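Numbering (the entry's author numbering), first residue to last: 2 to 271.
Note that beta-carbon positions come from the ideal geometry of N, C-alpha and C, so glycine has one too.
Okay, so here's the structure we're looking at.
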């Protein structure tokens, strides 16, 4: 059986992340002196802030029991800070995570999932936690993230069709039009956590010199219309964390749309 976490609402939220006993911050580095805001500000832009918050939730559940009322309230509350941050990210593309997280109005402690949850996730470092939020409270509603927001890094030499042109030894310009699987959790621990392995379509131009130098210019879109958020599609260490949490707490699986397209330009050698 699994335990129900109540949705963040102003009437049930703790006054503070972590009930004010712990917070989301950069790691203490012995010998470095005072923790300064420039270090915190970079920590918050990086994937470690997401993993840190998941790790604090796990520690907490472990130390105090998954079914301890205050544990349930921490999970609800801390997850709430992340949804709130992520809304400010979606609403104000361009701002830093540190700013979206700490200086949003309304206060994070006032986050109301029922009235404020969004269908669109930012795709920034807060997203894996927001996507767990939707598992817990979204009742199966479909969500989305734009393909421009997921930090895709494509290697054209690992796509069979382009790899083959490059290996064949031909010279000049060649059309490419193919599908491929792309394991985002091999290099992006954020995207991987909630999208994992995706399928993509590319079309474009592969230019190769006689010297073995090549550029692929192309457009990339999702091949599947949507992806499942469940225990089995998570990838990477943040995803392992999401799975341990979803196995403990009630929720509903759901799907994620991956609309839009990106333009890539990548280069290499034979």
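Query	Result
Judging by CA-CA distance, which residue of 128, 232 and 137 is the nearest neighbour of residue 152?	128
Would you kindly check if the distance between the Cβ of residue 168 and the Cβ of residue 157 is under 9 Å?	no
Going by DSSP in three states, residue 225 sits in which element: helix, strand or coil?	coil
With a cut-off of 8 Å, do at least 3 Cβ pairs link the region 47 to 67 to the region 182 to 195?	yes
Please list the terminal residues of the continuous alpha helix (DSSP H) segment that includes residue 56.	48 to 65
For the 8 Å Cβ check, are there 3 or more pairs between the region 55 to 70 and the region 96 to 115?	no
Which ranges does the beta strand (DSSP E) cover as unbroken runs of at least 3 residues, wholly within the region 164 to 230, from first to last along the chain?	173 to 184, 198 to 209, 214 to 223 and 227 to 230
For residue 269, write down the residues that DSSP places opposite it in a beta bridge.	215
By Cβ distance, which residues of its chain are closer than 6 Å to residue 161, with the 5 residues on each side in sequence left out?	none
Start and end of the alpha helix (DSSP H) containing residue 18?	That residue, residue 18, is in no alpha helix (DSSP H); it is neither H nor E in DSSP.
Quick one: which unbroken alpha helix (DSSP H) runs of 4-plus residues sit fully inside the region 98 to 157? Chain order, please.	98 to 104, 114 to 117 and 128 to 138
Hey, residue 221 and residue 201 are a contact pair by Cβ (cut 8 Å); roughly how many whole angstroms apart?	6 Å
Once the 5 residues before and after residue 3 are set aside, which same chain residues still bring their CB inside 7 Å of it?	249, 250 and 251
Among 23, 55 and 74, which one has its Cα closest to the Cα of residue 13?	74
Indicate the three-state DSSP secondary structure (helix, strand or coil) for residue 262 in the structure shown.	strand
Helix, strand or coil: which one does DSSP assign to residue 45?	helix
Taking the alpha-carbon positions, what's the residue 232 to residue 25 distance?	25 Å
Where do the ends of the alpha helix (DSSP H) carrying residue 79 lie?	70 to 92
Count the C-beta pairs between the region 133 to 145 and the region 76 to 83 that are closer than 8 Å, then say yes if the count reaches three, no if not.	yes
On the three-pair Cβ rule with 8 Å, is the region 262 to 271 touching the region 207 to 220?	yes
Measuring only the C-alpha atoms, how far is residue 218 from residue 39?	37 Å
Considering only the beta carbon of each residue, do residue 197 and residue 234 sit closer than 9 Å?	yes
Check each candidate in 19, 89, 96 and 199 and name the one with the smallest Cα separation from residue 154.	199
Let me make sure I understand the geometry here. Which of 126, 183 and 262 has the alpha-carbon closest to that of residue 44?	126
Looking at the structure shown, is residue 25 part of a helix, part of a strand, or coil, going by DSSP?	coil
Use the C-beta contact count for residue 87: other C-beta atoms within 10 angstroms, 16 or more gives buried, fewer gives exposed.	buried
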